[PDB]
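Protein chains in written order, with the entry's author numbering: chain 8, 36 to 199; chain h, 44 to 128; chain b, 223 to 295; chain 7, 36 to 201.
Ideal Cβ positions, reconstructed from N, Cα and C, are used throughout, including at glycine.
Below you'll find the structure, written out as structure tokens, and then a few comments.
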Amino acid sequence: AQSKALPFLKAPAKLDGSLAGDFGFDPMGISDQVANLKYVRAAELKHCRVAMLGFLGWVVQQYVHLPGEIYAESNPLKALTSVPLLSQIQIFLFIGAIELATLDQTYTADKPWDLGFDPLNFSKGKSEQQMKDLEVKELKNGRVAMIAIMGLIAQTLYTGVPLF
Amino acid sequence: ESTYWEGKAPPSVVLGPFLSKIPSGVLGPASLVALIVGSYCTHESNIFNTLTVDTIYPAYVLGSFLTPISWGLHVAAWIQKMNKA
Amino acid sequence: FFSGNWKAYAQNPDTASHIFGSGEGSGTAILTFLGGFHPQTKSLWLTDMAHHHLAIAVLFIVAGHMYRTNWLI
Amino acid sequence: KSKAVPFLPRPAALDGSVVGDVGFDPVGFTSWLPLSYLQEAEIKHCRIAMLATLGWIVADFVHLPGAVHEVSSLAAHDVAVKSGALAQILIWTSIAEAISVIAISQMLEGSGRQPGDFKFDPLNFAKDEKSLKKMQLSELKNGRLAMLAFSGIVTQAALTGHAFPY
Ligand code: CLA
Ligand SMILES: C/C(C=C=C1C(C)(C)C[C@H](O)C[C@@]1(C)O)=C/C=C/C(C)=C/C=C/C=C(C)/C=C/C=C(/C=C/[C@@]12O[C@]1(C)C[C@@H](O)CC2(C)C)CO
Ligand SMILES: CC(/C=C/C=C(C)/C=C/[C@@]12O[C@]1(C)C[C@@H](O)CC2(C)C)=C\C=C\C=C(C)\C=C\C=C(C)\C=C\[C@@]12O[C@]1(C)C[C@@H](O)CC2(C)C
């Protein structure tokens, strides 16, 4: 009834109105245990962003490579082992440096997903409806990418073909 | 509610809202049939014919599971009979 | 497993001349009843313990649905 | 008192439902289970049987967009579980049914979901209540006929080997 995604079920109590992308999709009632939807939305958006970047990297590594030889592997899962540990540890350290401040931030803030990242100011001057539309676009694209990046990983692990 | 009881038989609510509405004249014969079927399945999988890897027969196994069940069915049959059902 | 021919996982167990950690005298079975001990290591068969844990897993997963939760049963 | 069985009395739980309540319950199954759960099970069986009857009949006549699809809908099950199509259909069916547990559990508990209702009318074939009730009765009658027909089809196609007459 109240779920748009599952037009027959009634959504849970915490799925209503605000927090764009709310289509009443919580059949298992996971939202009933979390105190609020702030942390789960932060986790969902982090997954969405990481999955978008992962899909883009998957395709680009399929087609484009860095000039060096160590980056010449086309299969992303094979490149996970071919690439030297120095590059991967540098990436991990960069991510952890970004992650510790946001670790302090996420567990207490009202909008843990709002990291203040807008270098090009794509949100300055946008109205509330436009901002909500942008949030919906981001969430949609992220969910589709998550499904897609998991599918790419599965098909590479099951057939060895990284794409198509 | 109030599954607690002190009389001769417990209230029918202790049977769940599926056995609470079965007439005792149905549960009784069903319990006896289930017990006989389960005993025969157990005695056909084993005892009469020795078990082997090639002979497991999910019917006899699933059947044999009716013996433990039978116990519950006739307990419920007695509970229904004593509760005027 | 999907075909239901579960006996196939018990066919051709480890022989009585199997050297542990080596392919000499080994088998292809993964879930068996053998009882007793390995003739070489004097310990329970690995295929016996795998079958034991599979049976325990099925039994406990079944028994974990006993108590009531948000789905009325 | 019953409309379907004049001898036996009308079932206590069957008074009126647009699902085709003609008071046919000689064994009193409606006393055992909630009527809503039985209605959901009946509608599920109806839809599955209709799809299966149509698929069996069609796949014996024109079904070969490839090589592995050159079977006679009697050896099709094993061939296409070996191929892997049945695995995918089972995966999606399992997802749908796992969602259906909550749908069945949201009813029998409150809400307003009628048995067998999934709000799937993309083409809007039903417009008002009268059309909805008429086509619910039609769907259930067709589903019962399809249940019996598929039962006959499998029993005959296993008792012999033949085509559409079976
Ligand atoms: C990391 C994954 C992740 C996380 C944390 C969330 C989190 C959230 N989603 Mg969400 N979503 C995701 C992935 C995820 N989503 C994907 C991939 C899709 C596309 C199908 C969606 C589609 C979606 C819709 C349409 C809606 C939500 C909503 C919500 C919010 C409320 C539901 C809730 O509390 O569930 C928390 C979820 C988890 C804790 C995840 C548990 C992990 C389970 C067990 C998944 C198990 C694996 C799965 C079955 C199969 C994956 C394998 C492969 C096939 C992909 C919450 C912020 C609702 C919303 O906006 O509310 C504000 C809403 O309406 N989501
Ligand atoms: C690519 C391909 C195959 C191939 C090819 C080529 C590339 C094309 C050509 C080459 O030459 C060969 C080859 C092989 O490569 C395509 C495959 C076919 C597809 C993609 C079709 C799928 C069939 C769908 C079916 C059969 C689903 C059945 C429905 C059920 C519903 C169940 C329900 O119970 C549920 C769960 C809820 C209930 O409420 C009611 C209902 C809805 C009835 C199952 O009962
Ligand atoms: C990357 C992406 C968006 C990236 C946006 C970025 C970085 C924007 C960053 C900024 O805005 C901020 C944040 C703040 C601004 O102030 C600054 C900038 C910097 C401007 C979306 C991708 C979104 C990506 C999506 C939605 C991908 C969907 C993929 C699908 C459907 C793939 C399917 C398949 O892969 C399978 C599954 C199997 C294959 O075999 C077959 C096919 C078909 C190829």
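Next on the checklist: Using beta carbons (cut-off 8 Å, strictly below), is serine 52 (chain 7) in contact with chain 8?
Outcome noted: Taking Cβ atoms only, chain 8 never reaches closer than 8 Å to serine 52 (chain 7), which makes this a no.
Checklist entry - For ligand 1, any of its heavy atoms closer than 7 Å to the Cβ of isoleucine 182 (chain 8)? => result Taking 7 Å as the cut-off, one finds at least one heavy atom of ligand 1 near enough to the beta carbon of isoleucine 182 (chain 8).
Checklist entry - So which residues of chain h does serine 66 (chain 7) contact, with C-beta pairs closer than 9 Å? => result Going along chain h in sequence order, the residues near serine 66 (chain 7) (Cβ under 9 Å) are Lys64, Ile65, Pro66.
Next on the checklist: Tell me the residue span of the alpha helix (DSSP H) that contains residue 146 (chain h).
Outcome noted: Absent from the structure is residue 146 (chain h), since the part of chain h shown begins at 44 and ends at 128.
Checklist entry - Since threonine 98 (chain h) sits in a beta bridge, which residues does DSSP pair it with? => result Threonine 98 (chain h) pairs with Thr95 (chain h).
Next on the checklist: Comparing C-alpha positions only, which one of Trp293 (chain b), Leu256 (chain b), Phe242 (chain b), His240 (chain b) sits nearest to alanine 272 (chain b)?
Outcome noted: That would be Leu256 (chain b), whose Cα lies nearest to the Cα of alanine 272 (chain b).
Item to check | Segment contact, 8 Å Cβ cut-off, at least three pairs: the region 75–85 of chain h with the region 167–179 of chain 8 | outcome: Verdict: no, contact absent.
Item to check | Nearest candidate by alpha-carbon position, reference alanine 114 (chain 8), set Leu155 (chain 8), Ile188 (chain 8), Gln37 (chain 8) | outcome: Residue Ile188 (chain 8) is the option with its Cα nearest to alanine 114 (chain 8).
Next on the checklist: Rounded to the nearest angstrom, what separates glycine 58 (chain 7) and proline 197 (chain 8) at their Cα positions?
Outcome noted: The straight-line gap from Cα to Cα measures roughly 60 Å.
Next on the checklist: Cβ closer than 9 Å: which chain b residues qualify as neighbours of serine 140 (chain 7)?
Outcome noted: Within chain b, the residues near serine 140 (chain 7) are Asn292, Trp293, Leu294, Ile295.
Item to check | Three-way DSSP call (helix, strand, coil) for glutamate 44 (chain h) in this model | outcome: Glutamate 44 (chain h) falls in the coil class under three-state DSSP.
Checklist entry - What is the DSSP secondary structure of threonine 237 (chain b), counted as helix, strand or coil? => result Look at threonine 237 (chain b) here: in three-state DSSP terms it is coil, with no helix or strand label.
Checklist entry - Can the beta-carbon of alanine 184 (chain 7) be found closer than 8 Å to that of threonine 88 (chain 7)? => result Yes; because the gap between Cβ atoms is below 8 Å, this pair is in contact.
Next on the checklist: Can you find the residues in the same chain that come closer than 6 Å, C-beta to C-beta, to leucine 109 (chain 7), ignoring five residues on each side of it along the sequence?
Outcome noted: Taking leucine 109 (chain 7) as the centre and dropping the five residues before and after it, the same chain places the C-beta of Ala192 closer than 6 Å to its C-beta, in chain order.
Checklist entry - So is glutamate 75 (chain 7) buried or exposed if we call it buried at 16+ other beta carbons inside 10 Å? => result Buried, since its Cβ has 16 or more Cβ neighbours within 10 Å.
Item to check | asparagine 176 (chain 8) (DSSP reduced to helix, strand or coil) | outcome: Under the three-state reduction of DSSP output, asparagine 176 (chain 8) falls in the helix class.
Checklist entry - Going by C-alpha distance, which of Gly51 (chain 7), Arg45 (chain 7), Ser52 (chain 7), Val53 (chain 7) is nearest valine 62 (chain 7)? => result Closest option to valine 62 (chain 7), Cα to Cα, is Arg45 (chain 7).
Checklist entry - Looking at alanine 131 (chain 7) and ligand 2, is the gap between the Cβ and the nearest heavy atom below 7 Å? => result Relative to ligand 2, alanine 131 (chain 7) has its C-beta within less than 7 Å of a heavy atom.
Next on the checklist: Using only the alpha-carbon positions, how far apart do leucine 192 (chain 8) and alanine 232 (chain b) sit?
Outcome noted: Computed Cα separation, rounded: 29 Å.
Next on the checklist: So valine 57 (chain h) contacts chain b; which residues on that side make the cut at Cβ distance below 9 Å?
Outcome noted: Neighbours of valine 57 (chain h) on chain b: none; closest Cβ ~14 Å, over 9 Å.
Item to check | Beta-carbon proximity of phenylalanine 61 (chain h) to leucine 68 (chain 7), cut-off 8 Å | outcome: Closer than 8 Å, so yes.
Checklist entry - When Cβ atoms are compared, which residues of the region 107–126 of chain 7 fall closer than 9 Å to chain 8? => result Residues of the region 107–126 of chain 7 whose Cβ lies closer than 9 Å to any Cβ of chain 8: none.
Next on the checklist: Which residues in chain b have a C-beta closer than 9 Å to the C-beta of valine 96 (chain h)? List them in chain order.
Outcome noted: In chain order: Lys229, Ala232, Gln233, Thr254, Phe255.
Item to check | Within-8 Å CB hit, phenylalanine 58 (chain 8) to chain 7 | outcome: Using beta-carbon distances, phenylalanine 58 (chain 8) does not count as an interface residue toward chain 7, since no partner is under 8 Å.
Checklist entry - If you measure from the beta carbon of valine 97 (chain 7) to each beta carbon in chain b, is any gap under 8 Å? => result It does not; no Cβ of chain b falls within 8 Å.
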